[PDB]
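Hydrogens, waters and symmetry mates play no part in the numbers below; they use all other heavy atoms, side chains included. A note on names: the letters A, B, ... follow the listed sequences, proteins ahead of strands, and every chain is numbered from 1.
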Amino acid sequence: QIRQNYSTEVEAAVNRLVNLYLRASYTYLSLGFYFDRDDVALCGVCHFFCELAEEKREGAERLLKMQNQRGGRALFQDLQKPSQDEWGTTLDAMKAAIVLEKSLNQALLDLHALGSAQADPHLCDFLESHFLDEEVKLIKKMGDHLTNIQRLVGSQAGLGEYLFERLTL
Amino acid sequence: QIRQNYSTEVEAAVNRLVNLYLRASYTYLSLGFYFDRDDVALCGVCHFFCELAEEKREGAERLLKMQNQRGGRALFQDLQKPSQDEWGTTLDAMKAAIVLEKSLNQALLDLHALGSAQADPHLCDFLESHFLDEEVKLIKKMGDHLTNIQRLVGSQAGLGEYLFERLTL
Amino acid sequence: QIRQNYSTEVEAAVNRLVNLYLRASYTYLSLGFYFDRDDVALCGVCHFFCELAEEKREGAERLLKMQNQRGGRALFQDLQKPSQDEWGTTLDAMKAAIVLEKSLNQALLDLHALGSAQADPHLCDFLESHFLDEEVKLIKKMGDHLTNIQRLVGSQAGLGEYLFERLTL
Amino acid sequence: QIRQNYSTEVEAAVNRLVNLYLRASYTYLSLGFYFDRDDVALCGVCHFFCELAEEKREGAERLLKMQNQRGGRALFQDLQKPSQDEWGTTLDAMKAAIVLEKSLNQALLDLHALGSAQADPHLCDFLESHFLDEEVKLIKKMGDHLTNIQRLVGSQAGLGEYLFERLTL
Amino acid sequence: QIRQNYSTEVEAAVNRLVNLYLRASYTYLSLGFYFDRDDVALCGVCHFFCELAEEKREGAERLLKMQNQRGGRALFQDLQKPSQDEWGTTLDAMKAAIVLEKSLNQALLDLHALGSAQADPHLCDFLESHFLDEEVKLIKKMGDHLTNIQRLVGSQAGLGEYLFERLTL
Ligand SMILES: [Au+]
Ligand SMILES: [Au+]
Ligand SMILES: [Au+]
Ligand SMILES: [Au+]
Ligand SMILES: [Au+]
Ligand SMILES: [Au+]
Ligand SMILES: [Au+]
Ligand SMILES: [Au+]
Ligand SMILES: [Au+]
Ligand SMILES: [Au+]
Ligand SMILES: [Au+]
Ligand SMILES: [Au+]
Ligand SMILES: [Au+]
Ligand SMILES: [Au+]
Ligand SMILES: [Au+]
Ligand SMILES: [Au+]
Ligand SMILES: [Au+]
Ligand SMILES: [Au+]
Ligand SMILES: [Au+]
Ligand SMILES: [Au+]
Ligand SMILES: [Au+]
Ligand SMILES: [Au+]
Ligand SMILES: [Au+]
Ligand SMILES: [Au+]
Ligand SMILES: [Au+]
Ligand SMILES: [Au+]
């Protein structure tokens, strides 16, 4: 047995956080393929979301690795289908992405508060090291994108959506 | 004599498909030079169509080579002049290109159905190997372009046509 | 408008000359594939004619480019099928090729005489620069080949046709 | 057990096709050594057939590998001695080689028809991928050679046989 | 004395053509600096015209060199100030540039007609070699630019002028 200072409550919340990262990965998978449709065709938006799918997957994998390192047991649940089949405009999609990110970020903060109350400094360090700053950086970037997308709608939405995709993404 | 399992019906349809690829080549030749006119001047649209002329020619040449490999006899017909002397906007041109591509693709599918009914698996493989996936890929790309061109017309068609040509093509 | 010192008569004759180069290209296409037949199988003769197809195409493309540069309008006609479906011996084929070349060359000379009468020195230079010397060089080469092919028929035509293809082409 | 969608009929026909490729290999072995005899001495003809021996062997080996991959059982029979001890002229030999190739090719086509009736698309793909086009290419090449050999017999058969071997093979 | 077959009429017209190239150079000098004004600030338009100033100067220098080579005497006149102190929009400027180019081109054609009537084939070659095709190419390019500038005015002239300068020039 290696397990030491690792509460059952932290273990369960780690498994839930894995499910949340894998669900986010799947959402981004769906977002990316929507933007590859012939009737949507925004290559840069596609690559943005498919890159996010991969980051969220890797996030999950790091959590699973840590779960094993601490002597927890990984437990997998169903992955819920993404919340939409079609994602609207780049604007709608980027709003939905930031809502999702803020939910992951809140889950990280809740897990951290749990870690602190359980006096589990390895867990707190792990989150700080690999998750909290990355999520803050990602959210700031999405925020910046959203501001630029919004700036570009004005009178000519098609034009703005095209330019954004060509010159930013 | 090398000829084996090669029906006269397949042979004739191969010669027709050659004529269709060469005609497509000629259409793209005309499309490219229209976009090089001083009063049209869309360099990127020109290069897109002149690249297509060359692919369609090479398509024809591969069919002719296969015709000879199987012991068929190449038979050439007149090449019909393209359907238009002037091709309108990039939008009109890209619509016309996708109509042409869907007609080639239908001809490939009809030749394949013939091959299958004649039990000619070399022909079916040949089409699969070098034509069916290429045409599907090309059509998807045209579809994507058309979506972006359309997105860009909105209120300011000149502006959109220029941007598309500079930033996509 | 860019057009200057460019007569409608020159413009039409340029379009006709394009048709003649594309027709020549198509003839050479047919000549090349005839020599790739399993029952003809003269690899070097094939490569000679397929190289000519490509030169004639490029000739056409240079004419079209010049048509646009001068502010003329390219107009495409049907391309007539080559004059033969089967081309006989290398000798017959090379005779037919030199007849075709002399017809292109006469058309270049007629266009030049037109240019001179219209006082269009850009056109005269263009023809001199890229067409007249090339055609003269090509015809001399064909002439040389024909002399060597003829020398080789004598009593043993098969033998001579094989040697020519292996040691010259 | 790995075996899935793999009929006993396909399995048996695969073993027969292996025997046919190994027999062809052996025939080419005999053809090559006949042309290395001091009283035949046609080095290029020898290398042509010994290269074919090796291709036919490799063909057999790919079939055996696939047999194992699908969970079939390889079963070996006697290899029949080649049909001739002495192979005559390069012409006779090349005719005999094309007869042999057309028999392999018919066996491939029969196995493919079997695959299609058994709804075994892995087998159909395997044949298409590695056998059908290769055999078609090889037969076309033999056909070309035969045409050139025949062209060369005329009045002076020794001369023609020597030239062919030096300048083509 | 080297002078041979070089008429006094050609000599004078060569000196006039030098004055016309130097005047064009000076016009382009003025055009370039207008577009470098802080209240105009179109860097790409500036570089386009300053590059033209240099080409026109070099044109003059080649004419002077040829004048000396033939044993003519260079005679210099006043260079007339450009026709405008301020050049308006990129559109106005490009129209004015094409008017100027068509005037040079007409002068080249008139000098050529003179050369032909004086039976001075060195002069005709010189013009053909270094001036007639270059001017035709330059005019076609200006024509293309003008078409794209015009396409871009539509409703939002400032926007179009900026994009043209950033993405074409
Ligand atoms: Au994607
Ligand atoms: Au993508
Ligand atoms: Au802590
Ligand atoms: Au901490
Ligand atoms: Au903490
Ligand atoms: Au083009
Ligand atoms: Au082009
Ligand atoms: Au099939
Ligand atoms: Au198939
Ligand atoms: Au099929
Ligand atoms: Au060829
Ligand atoms: Au060839
Ligand atoms: Au002339
Ligand atoms: Au001339
Ligand atoms: Au002339
Ligand atoms: Au051998
Ligand atoms: Au050998
Ligand atoms: Au099939
Ligand atoms: Au199949
Ligand atoms: Au298949
Ligand atoms: Au099949
Ligand atoms: Au400047
Ligand atoms: Au500048
Ligand atoms: Au002259
Ligand atoms: Au001349
Ligand atoms: Au002249």
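The distance from the CD atom of B:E165 to the OG1 atom of E:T168 is 7.0 Å, given to the nearest 0.5 Å. A distance of 9.0 Å separates CG of B:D38 from CG of E:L146, quoted to the nearest 0.5 Å.
In this structure, the side chain of E:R151 does not engage the main chain of B:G158 through any donor-acceptor pair within 3.5 Å. Between the side chain of B:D39 and the backbone N or O of E:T147, no donor-acceptor pair lies under 3.5 Å.
A 4.5 Å side-chain heavy-atom check between E:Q156 and B:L159 finds every atom pair outside the cut-off. With contacts defined as side-chain heavy-atom distances shorter than 4.5 Å, the pair B:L42/E:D144 does not qualify.
The stretch residues 114-143 of chain E places E:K140, E:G143 near chain B, each with some heavy atom under 4.5 Å from a heavy atom of that chain.
Across every non-hydrogen atom of E:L163 and B:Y162, the tightest pair is O-OH, 3.5 Å.
For CD of B:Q106, the number of neighbouring non-hydrogen atoms (other residues, nucleotides, ligands) closer than 6.0 Å is greater than 12.
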